[PDB]
Amino acid sequence: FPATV
Amino acid sequence: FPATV
Amino acid sequence: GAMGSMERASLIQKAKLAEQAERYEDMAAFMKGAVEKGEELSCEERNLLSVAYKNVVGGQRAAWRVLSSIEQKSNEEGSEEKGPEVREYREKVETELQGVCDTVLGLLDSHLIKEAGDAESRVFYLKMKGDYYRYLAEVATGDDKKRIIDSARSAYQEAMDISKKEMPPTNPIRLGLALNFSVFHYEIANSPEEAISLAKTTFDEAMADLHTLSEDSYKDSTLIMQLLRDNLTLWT
Amino acid sequence: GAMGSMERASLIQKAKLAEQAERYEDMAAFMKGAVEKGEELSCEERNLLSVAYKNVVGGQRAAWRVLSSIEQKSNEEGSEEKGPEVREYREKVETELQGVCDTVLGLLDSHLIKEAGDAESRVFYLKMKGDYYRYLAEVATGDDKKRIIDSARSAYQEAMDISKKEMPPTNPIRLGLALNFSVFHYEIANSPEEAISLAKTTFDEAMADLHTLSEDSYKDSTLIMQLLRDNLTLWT
Ligand SMILES: N=C(N)c1cc(-c2cccc(NC(=O)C3(Oc4ccc(Cl)cc4)CCOCC3)c2)cs1
Ligand SMILES: N=C(N)c1cc(-c2cccc(NC(=O)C3(Oc4ccc(Cl)cc4)CCOCC3)c2)cs1
């Protein structure tokens with residue numbers, strides 16, 4: 001999964 | 001801490 | 001609210017304690033109580049709220065993905081009927097996830113966003129609104145799926161417009177907003193080209209502004225820039 | 001019981017799903033529902049029950065330890081009074097932990113232990129009874145602390161007596177019981193010499209019986225033997 005913050 | 005199962 | 005009788009300052013203190021104990025459901029309940037006191041949130045308090053619910057919903061999302069995977073396998077040609085249990089339990093977790101998202105969205109709508117006038121608060125809250133509609137979109141399949149997606153898009157877009165007018169390109173909130181809106185494009189809106197364009201342009205504009213920053217601000221901005229690069233590496 | 005309307009087999013299936021999703025509170029609730037159907041538990045089902053509650057209470061214990069540490073520091077000479085919040089929140093987590101322990105002990109008392117006649121079930125349940133009284137002992141400070149400790153000791157002792165009569169020295173339940181009773185001696189009963197003697201004698205008697213085992217049984221027994229050795233290395 002891609003990075004989110 | 002010591003091991004328990 | 002079961003936190004109605006506790007002091008605002010005590011709720012914030014206990015949220016910090018819950019964080020140290022990795023009790024994120026408690027931390028979220030304490031911060032919901034703090035929001036419901038009706039006062040605006042400081043910068044630290046906004047991040048306590050976001051950390052708590054991000055951790056709670058992040059665990060729900062991970063569980064939902066496991067269960068959805070098992071469910072899809074049970075429905076492949078050649079599988080042995082296991083009955084309704086996998087669907088039922090996936091639905092249970094899904095409903096709990098939707099409930100947490102609705103709770104957060106409710107706090108933003110009553111009345112955090114409408115009182116947020118400074119860019120750092122307003123962009124932060126509108127980013128959260130996009131994020132929690134995005135999580136609802138991840139599990140949506142019904143008559144409302146398009147509207148949920150458009151609600152995420154609209155919140156992210158308002159946050160983006162404010163951030164480009166009011167914040168420098170290295171502002172970590174601006175960067176994290178772009179990071180997440182880029183993921184929305186890739187994973188939710190079936191717009192990988194927009195996702196890639198947004199990540200690259202955000203990264204390049206930040207790079208050109210790093211020279212203005214202190215060492216500590218540089219560290220904060222380059223951290224999120226690296227996440228943008230990580231996603232671009234995943235996608236190209 | 002909110003699981004009263006769900007089939008026993010569906011509860012067991014959903015416990016396994018909850019495990020895969022790392023939803024251990026759900027897993028424990030499903031297995032409590034299964035126990036409350038009133039039938040005896042199979043070997044697999046007993047371990048589902050134990051895995052679920054061990055994970056739930058293990059997280060509570062870790063949180064309690066963090067909070068108790070913070071609380072003790074707040075009470076050192078030189079600290080700035082922070083008010084009642086640390087104590088209150090430690091008490092909250094403590095009460096929740098005690099509740100989970102009481103729930104498990106209640107299931108063992110109504111009526112798992114009294115129907116357990118085979119050594120593998122009866123020793124398993126009496127070990128659990130010792131374990132959950134041990135967790136209560138870890139947080140106990142009142143008029144009942146000695147009685148809680150003696151309840152743990154008595155359960156472990158009955159389990160030990162049965163295990164030595166009815167199981168080989170390499171039986172993993174026998175080994176895990178001795179491992180945990182040894183930790184009880186060291187950490188709860190202020191009996192480090194007993195803890196060390198029990199771990200060493202258990203290890204040596206198991207070693208001498210490994211020659212009777214298949215490759216898969218050997219792997220299971222030597223795994224727990226290594227935990228005994230690990231503790232002995234910590235303590236000597
Ligand atoms: N936890 C806590 N007790 C507290 C956290 C904060 C706080 C305050 C400002 C910024 C952050 N920053 C972050 O948490 C991370 O960066 C972000 C960047 C943009 C956005 Cl929108 C959100 C987070 C998370 C990802 O990795 C790098 C740091 C924390 C104060 S108290
Ligand atoms: N999880 C699940 N779905 C299932 C677990 C089991 C199962 C059945 C028998 C034994 C175990 N054994 C363990 O779990 C470990 O050994 C134990 C030894 C003694 C005792 Cl008393 C308890 C555990 C835990 C520590 O590391 C090695 C394995 C599992 C069936 S289904």
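Numbering of ligands and ligand atoms starts at 1, following listing order. Reckoned from all heavy atoms, side chains included, excluding hydrogens, waters and symmetry mates. Proteins come first, then strands; the chains are lettered A, B, ... in the order of their sequence lines, and each starts at number 1.
Heavy-atom proximity to D:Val51, at under 4.0 Å, picks out these atoms of ligand 2: 1 (N). Interface atoms of ligand 2 facing D:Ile224, defined by a heavy-atom separation under 4.0 Å, are 18 (C). The distance from ligand 2 to the heavy atoms of D:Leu48 drops below 4.0 Å at these ligand atoms: 3 (N).
Residue D:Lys127 has no N or O atom closer than 3.5 Å to an N or O atom of ligand 2.
The single protein non-hydrogen atom nearest to atom 19 (C) of ligand 1 is C:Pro172 O, 3.3 Å, given as residue, atom name and distance. The protein heavy-atom contact nearest to atom 31 (S) of ligand 1 is C:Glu44 CG, 3.8 Å. Nearest protein heavy-atom neighbour of atom 20 (C) of ligand 1: A:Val5 CG2, 4.0 Å.
For atom 15 (C) of ligand 2, the protein comes within 4.0 Å by no heavy atom at all. Distance screen at 4.0 Å: atom 3 (N) of ligand 2 has a protein heavy-atom neighbour inside the cut-off. Under the 4.0 Å distance rule, the nearest protein heavy atom to atom 24 (C) of ligand 2 falls outside the cut-off. Under the 4.0 Å distance rule, the nearest protein heavy atom to atom 27 (C) of ligand 2 falls inside the cut-off.
For the ring pair (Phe, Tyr, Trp, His ring centres under 6.0 Å) criterion with D:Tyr156, the lone passing option out of D:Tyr132, D:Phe181, D:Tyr133 is D:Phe181.
One option in D:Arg174, D:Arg46, D:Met27, D:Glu19 has a heavy atom closer to atom 1 (N) of ligand 2 than any other, and that option is D:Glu19. Of the listed residues (B:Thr4, D:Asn171, D:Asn47), the one carrying the non-hydrogen atom nearest atom 29 (C) of ligand 2 is D:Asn47.
D:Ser217 places none of its side-chain heavy atoms less than 4.5 Å from the side chain of D:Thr170.
When all heavy atoms are compared, the tightest approach of D:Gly176 to B:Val5 is CA-CG2, 3.5 Å.
Atom CG of residue D:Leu228 and atom OG1 of residue D:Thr233 lie 11.0 Å apart, to the nearest 0.5 angstrom.
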